[PDB]
Amino acid sequence: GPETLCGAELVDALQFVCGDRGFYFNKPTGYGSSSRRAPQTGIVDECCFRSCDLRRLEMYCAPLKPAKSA
């Protein structure tokens, strides 16, 4: 929700969600082929205003064997 996870904080969030286990960023991107048009919400914005976290983000951290609609 409305709390700015920016720079270090967004890395920290993404790292605990996937990072240390796995990763593939959605910068403001969509996986495989979709452009900087915030398709999969858009990491930068979803983090640095919307709190990218454990139940808000994993869908664009690494959706692997752990894959979730949050």
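Per the deposited numbering, the very first residue in the sequence shown carries number 1; after that it's consecutive.
Every residue, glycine too, gets a C-beta built ideally from N, C-alpha and C.
Please classify residue i: does DSSP put it in a helix, a strand, or coil?
i   : result
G19 : helix
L10 : helix
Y60 : helix
Opposite residue i in the DSSP bridges: which residues?
i          : result
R50        : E3
residue 76 : The requested residue 76 is not part of the displayed model; the chain covers only 1 to 70.
If residue i sits next to residue j, beta carbons under 8 Å apart, how far is it from one beta carbon to the other, in whole angstroms?
i   : j   : result
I43 : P63 : Not confirmed; about 13 Å, so no contact.
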